[PDB]
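Novice:
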Amino acid sequence: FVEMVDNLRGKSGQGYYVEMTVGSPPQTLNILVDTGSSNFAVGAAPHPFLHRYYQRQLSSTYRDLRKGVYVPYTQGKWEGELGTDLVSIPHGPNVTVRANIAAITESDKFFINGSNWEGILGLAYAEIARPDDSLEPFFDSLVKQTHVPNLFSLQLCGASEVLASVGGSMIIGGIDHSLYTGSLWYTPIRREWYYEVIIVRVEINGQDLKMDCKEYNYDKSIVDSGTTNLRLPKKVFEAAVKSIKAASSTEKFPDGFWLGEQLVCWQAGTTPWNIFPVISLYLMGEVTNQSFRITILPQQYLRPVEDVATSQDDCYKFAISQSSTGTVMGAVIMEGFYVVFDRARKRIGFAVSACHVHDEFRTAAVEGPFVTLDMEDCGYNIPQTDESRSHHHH
Ligand SMILES: N#Cc1ccc(COC(=O)[C@H]2C[C@]3(CN2)C(=O)Nc2ccccc23)cc1Br
Ligand SMILES: [Zn+2]
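Residues -1 to 157, 164 to 398 in the authors' numbering are what the sequence shown spells out, letter by letter.
1. Just tell me which of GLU339, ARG349, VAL375 has its CA closest to the CA of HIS362.
2. So, with DSSP's three-state summary, where would you put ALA122?
3. Please name the residue in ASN98, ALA122, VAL0 whose C-alpha comes closest to that of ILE352.
4. Would you say the beta carbon of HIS395 is closer than 7 Å to some non-hydrogen atom of ligand 2?
5. Hey, how far is the Cα of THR144 from the Cα of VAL240?
6. Comparing C-alpha positions only, which one of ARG50, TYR320, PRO135 sits nearest to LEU167?
7. Between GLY273, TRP277, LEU263, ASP228, which has its C-alpha nearest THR254's C-alpha?
8. To which residues does DSSP link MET18 through a beta bridge?
9. Let me know the secondary structure DSSP gives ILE248 once reduced to three states.
10. Between the beta-carbon of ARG194 and the beta-carbon of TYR286, is there less than 8 Å?
11. Does the beta carbon of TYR190 fall short of 7 Å from some heavy atom of ligand 4?
12. Answer with buried or exposed for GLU380, where buried requires no fewer than 16 other C-beta atoms within 10 angstroms of its C-beta.
13. Can you have a look at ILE102 and say buried or exposed, based on whether 16 or more other CB atoms are within 10 angstroms of its CB?
14. With a threshold of 8 Å, are at least 3 pairs of Cβ atoms found where one atom belongs to the segment 212 to 224 and the other to the segment 136 to 154?
15. With a CB to CB cut of under 7 Å and the five nearest residues on each side skipped, what residues in its chain are close to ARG347?
16. Answer yes or no: the CB of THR389 versus the heavy atoms of ligand 1, is any distance below 7 Å?
17. Would you kindly work out how many angstroms separate the C-alpha atoms of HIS89 and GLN303, rounded to a whole number?
18. Under 7 Å from any heavy atom of ligand 1, does the C-beta of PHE374 make it?
19. Would you say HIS45 touches ligand 2, meaning its beta carbon is less than 7 Å from a heavy atom?
20. Quick one: is the Cβ of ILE29 within less than 7 Å of any heavy atom of ligand 1?
21. Taking a contact to mean a Cβ-Cβ separation below 8 Å, would you say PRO24 touches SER113 in this structure?
22. Please check the pair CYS155 and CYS359, which I expect to be a contact at CB under 8 Å, by giving their CB distance rounded to whole angstroms.
23. Does the distance from the C-beta atom of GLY13 to that of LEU27 stay below 8 Å?
24. How many Å lie between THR292 and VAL344 at the Cα?
25. Count the other C-beta atoms from every protein chain shown that fall within 10 angstroms of the C-beta of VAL370, then say buried if there are 16 or more, exposed otherwise.
26. Note down, one range per segment and in chain order, each alpha helix (DSSP H) of at least 4 residues found wholly within the segment 199 to 251.
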């Protein structure tokens, strides 16, 4: 899998993308890797934040499906025309695939200035594809038309006039042992829509938040490469920030720091890492009553920004933020770990990433098992709307 190592790039906080080609002759585009969605969609007209876009009419292998699509996120949305075309990943498997593509014709708060990506590769399950689940997602087509094992793995690697470049690896069809150290621990996928998981416990510097564990997963917990922060439900975020504030309390930062809206700075090289606590999320294990923990450092949740006007200083953004749609284990989490999306066995694996940023006293850690007897149920059941209830699935 050496040809797939280091095949992701991006700018810190603005998404990891992989190079893809669509069409005949091949049009090259930089495509966000997003495990929180299941559509393959590409900028298909001019836009202030796009260097280039997909030109359907210039591909002899394009086919229009004569159907529109609309996807609204919490932040951002887009619409497009559905079609299929030939797609390859030059630093991926040695295959070409006919896949669904949404040509994005309009959008708002979707594309990001300076990010260098022009589309999105949705790697989650058909259940949340748009307009509905009969639009085969890309990975499904890849596995179906080729010999590629139904699994991929992501190593996202952390970081004055530009933001920091980041690099990473997306290994399509397996697991590269150079990319992690020590044990690889798996947590069941609760349901194949998002990559949904269940957190059974949260510790800040070894101290239990002591919340009803249903609160950790209200209204869901998902692993999303296409989300920058660790995002936490309102009540969880408030307790977690209270604990981190407490530990770090020799430094009094402005409100805007903790809201994720302001940098704080120390003189080059003098950041007091050791006043910030480690955060451990315990995930449901494969075995009943077992769990394992993934522990991240302040090096992951304190995200570095080089300020033009204080470029002498090491400056950081707080990259834990509030959610009203559940826990999102985003890049902040993932940059600790080599994360294995084992679709075949309906599980997600975590191991310590051979590229995670640490210091001489503490590392990100993946550790288990831990055991509870009569371990309760920590899952939440999303209220079912009449809209969702009325849909037939033939
Ligand atoms: N109908 C629907 C529907 C609603 C919500 C979701 C949630 O989608 C995510 O979380 C993806 C998309 C993401 C980050 N990851 C985002 O939220 N804004 C944004 C902006 C730019 C790039 C990636 C993203 C998925 C579906 Br499908
Ligand atoms: Zn029907």
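For each residue, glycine too, the CB sits at the ideal point set by N, CA and C.
Specialist: Short version:
1. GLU339
2. coil
3. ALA122
4. no
5. 43 Å
6. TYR320
7. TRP277
8. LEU27
9. helix
10. no
11. What this structure holds is ligand 1 and ligand 2, not ligand 4.
12. exposed
13. buried
14. no
15. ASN148, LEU149
16. no
17. 29 Å
18. no
19. no
20. no
21. no
22. 4 Å
23. no
24. 21 Å
25. buried
26. 238 to 251
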